[PDB]
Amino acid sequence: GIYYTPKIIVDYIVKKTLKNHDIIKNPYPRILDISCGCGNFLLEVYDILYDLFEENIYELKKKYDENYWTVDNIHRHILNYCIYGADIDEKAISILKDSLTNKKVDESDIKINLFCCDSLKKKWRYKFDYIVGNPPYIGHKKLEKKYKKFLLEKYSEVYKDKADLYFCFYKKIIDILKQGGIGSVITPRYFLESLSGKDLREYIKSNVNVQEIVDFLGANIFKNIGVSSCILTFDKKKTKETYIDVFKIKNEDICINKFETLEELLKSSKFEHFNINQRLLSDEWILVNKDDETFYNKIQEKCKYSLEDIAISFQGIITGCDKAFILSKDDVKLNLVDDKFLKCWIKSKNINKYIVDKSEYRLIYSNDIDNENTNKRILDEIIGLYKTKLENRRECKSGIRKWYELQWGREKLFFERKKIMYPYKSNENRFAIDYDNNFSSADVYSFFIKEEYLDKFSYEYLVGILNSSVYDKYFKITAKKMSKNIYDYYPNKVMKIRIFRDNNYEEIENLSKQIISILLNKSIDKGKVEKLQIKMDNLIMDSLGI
């Protein structure tokens, strides 16, 4: 339903927009929260406004109607002309209306600008000086399909495919912000790097000046909520400089109440600060300090190939109901399944650097079951146990897929070959050579080398550089940060990784072969692997001139 923003963040966002407002020049500022809820932001806006008017009451009295500008009239003026809110939930609006009314503690029917409505559909009849708040976050699975049709038709500039509802709130906030106005919101951080956020990033960069980005990375800002947050402050002021302040957290384990204010935390050693030229932003926003930019640019300039140039990428199997098709390799039910139907099956946790654990699970590649009479035992006793849920998959409702078939069985011959596999979400680079024809779900991605690039790049060389500390840091510069100690390792970024080939190729490959050989023996002395990795990292840093 409704999510509670921490008070320290609310106060920071309100101060960000109002701390330098010239109330003498403009005593009628319009401040709007478009998903105000119970008024976490708007009630704080009231307090800031009240002090602002009271500190300058005599100056306003002298400059303007001296009967209008009294301390006793500040409450009425704020509610009539300054505070605006919208929310879909009428109970929240009712509570906020009482809270705003009780700030005074009837005289005559004071009107409060609170709208119970869908903020994305409301005919907004004027623009606003300042916009603050915390919009709803709803992804592609959890957003109602009927509503998505409206968003795709009307918010197509920021919303396509797997985009999120809060993209549209960025759009609406920008569109109804007054010229010279200031907006400050807390949203998920994912749009900063995600493929879905590309159009939204283009919309922001070309319509507002981004003053500041506070990136909390994987820190837990909302207690008991699995989301990662950032704060964006932007304006429509005519400026020539357009440089962004970026505050990036250093330690994700920090608790947000370290000081009384967020400014103390931002200026502390817990955060790093650097500046980014908004004019230099491409479709991607590479937000790193100068040392990392130099590091990243050296590697990009030195590497003449990308993984996409040399490799074929694919996502793993999607059965659509794992419990129906995935069995423990020691399950007695597998005696019913001819081994021609059985594939080795691994999870993301089975991928280490350079090699995969031995599989403990088997997939029934049910697409190869010819019909329901020749293998009735498998259908009745294993797969049919989940027949109702299997029939509710989209391709079964439409008749594209039989009820016992895998939803997305892919191509078997893609998996039954030497290939490289990596987990879809990890704390570090973990690229392994698969020797055992392992299948996997979508928590593991795979690629193999194009035949015309085999004489330039071997699998052993590739897992060598890809698992190095250099490439771990290099990938994480632009990688999508998901939660604490987790990055997405998806092809839309993994395949952009650039690779090189030079005089160190042979020794890097040989070091990788030694690592693999040690990792695969029984009396495993894991320690020497670390020494070999350090030597390989030195060769790689020498190659890339870092």
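The first residue of the shown sequence is 1; numbering continues from there.
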Legend entry - Coordinates absent for residue 106 in a third or more of other entries: yes
Inset, instruction - Indicate whether the chain is continuous between residue 105 and residue 106 or, if not, how many deposited residues are absent from the coordinates: none, 1 to 3, 4 to 9, or 10 or more. - result: 4 to 9
Legend entry - 374 to 382 versus 421 to 429 - which carries the larger mean C-alpha B factor in the record: 374 to 382
Inset, instruction - Going by the average Cα B-factor in the PDB entry, point out whether 407 to 415 or 69 to 77 comes out higher. - result: 69 to 77
Legend entry - Out of 437, 458, 99, 196, residue topping the C-alpha B-factor column of the entry: 99
Inset, instruction - Name the one of 210, 463, 200, 93 with the greatest CA B-factor according to the PDB entry. - result: 93
Legend entry - Third assignment of residue 157 from its chain's C-alpha B-factors: middle
Legend entry - Lowest, middle or highest third - CA B-factor, residue 47: middle
Inset, instruction - Compare the C-alpha B factor of residue 520 with those of the other modelled residues in its chain, then answer lowest, middle or highest third. - result: highest
Legend entry - residue 476 CA temperature factor, ranked by third within the chain: lowest
Inset, instruction - Among all modelled residues of this chain, ranked by Cα B factor, put residue 505 in the bottom, middle or top third, i.e. lowest, middle or highest. - result: middle
